[PDB]
Amino acid sequence: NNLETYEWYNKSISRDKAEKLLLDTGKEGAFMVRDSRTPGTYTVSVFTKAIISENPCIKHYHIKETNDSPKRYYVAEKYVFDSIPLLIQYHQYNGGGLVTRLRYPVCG
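- Under the PDB entry, the name given to the protein is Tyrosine-protein kinase ITK/TSK, and the organism recorded is Mus musculus.

Put into structure tokens, the structure is as follows:
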């Protein structure tokens, strides 16, 4: 599979960098992702210039995995998928109850 091709995905990336990269980009609901050692899912950096006490805003949403059919990945026991792209596509298009659902995938 691999998503090292999504405007939002960030492999070698970390939790801090994405925010830095997302913060620099400057987008409302900027979305990024970063692979993790977890069950085999990726992380999702969702940032939206906001917070009068700490902005812009960069949230890291991890893609939960659940041996479904085919569903597996999800971030909020909401929608699981067989790929972050779809899982992201669901947050990119539809709109997952997040900082603003993949409003705009970022790529540091």
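**Points about the packing of aromatic side chains**
Step number 1: Applying the stated rule across the entire model yields 7 aromatic pairs.
Step number 2: A centroid spacing of 5.2 Å and a plane angle of 90° characterise the contact between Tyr9 and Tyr42, whose relative ring orientation is edge-to-face. Within this pair, whereas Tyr9 is found in the segment before α1 (15-25), its partner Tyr42 is found in strand β2 (residues 42-47), the two being separated by 33 residues in sequence.
Step number 3: Members of the aromatic cluster, each reached through a chain of ring pairs, are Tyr6, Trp8, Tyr9, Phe31 and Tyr42.

**Structural notes on the side chain of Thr41**
Step number 1: Inspection of the secondary structure assignment puts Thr41 in the loop between β1 (30-35) and β2.
Step number 2: For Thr41, a relative accessible area of 0% translates into the label buried.
Step number 3: Those residues in contact with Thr41 that sit more than four places away from it in its chain are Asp35, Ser36, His62, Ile63, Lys64, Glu65 and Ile84.

**Overview of α1**
Step number 1: Of all the positions in α1, only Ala18, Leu21 and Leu22 are classed as buried. The buried residues of α1 occupy an angular sector of 100° when projected down its axis, which confines them to one face. Exposed residues on α1 whose side chains face more than 90 degrees from its buried face are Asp16, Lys20 and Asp24.
Step number 2: Along its buried surface, α1 packs onto β1, β2 and β3 (58-62).
Step number 3: The positive-phi residue at the C-terminal boundary of α1 is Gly26, with phi of around 80°.

**Overview of the pairing of β1**
Step number 1: In terms of burial, β1 is largely enclosed, as 5 of its 6 residues are buried.
Step number 2: With 2 bridges joining them, β1 and strand β6 (residues 104-105) adopt parallel strand pairing. Opposite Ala30, over in β6, you have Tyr104 as the bridge partner.
Step number 3: By the bridge criterion, 6 bridges tie β1 to β2 in an arrangement that is antiparallel. Note on β2: the bridge partner recorded for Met32 is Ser45.

**Side note on the environment of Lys64**
Step number 1: Turning to its location among the elements, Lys64 is positioned in strand β4 (residues 64-65).
Step number 2: Separated by 26 residues in the primary sequence, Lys64 and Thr38 have C-alpha atoms spaced 8.5 Å apart.
Step number 3: Ignoring anything within four residues of it in the chain, the contact list for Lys64 reads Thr41, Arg72, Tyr73, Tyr74 and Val75.

**What to know about unusual backbone geometry**
Step number 1: Cis geometry marks the peptide bond from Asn55 to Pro56, where omega comes out at 0°.
Step number 2: By secondary structure assignment, the location of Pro56 is in the loop between β2 and β3.
Step number 3: Residue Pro70 is reached from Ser69 by a cis peptide bond, and omega for that bond is 0°.
Step number 4: Unusually for a residue other than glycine, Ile51 sits at a positive phi of about 90°.
Step number 5: In this fold, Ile51 is placed in the loop between β2 and β3.
Step number 6: Using a relative accessible area of 31% as the deciding quantity, one classes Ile51 as partly exposed.
Step number 7: You will see that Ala76, though not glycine, has its phi angle at about 140°, which is positive.

About the cut-offs
Residues numbered from 1 in each chain as written, not as in the entry; some residues may be left out. Heavy atoms only, no water. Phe/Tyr/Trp six-rings, centres within 6.5 Å; stacked < 30°, edge-to-face > 60°. Helix = DSSP H or I, 4+ residues; strand = E, 2+ residues; numbered from the N terminus. Buried < 20%, exposed > 50% of the residue type's maximum accessible area, 1.4 Å probe, protein only. Contact = heavy atoms within 4.5 Å. Arc of directions from axis to C-beta. Pairing = 2+ DSSP bridges.

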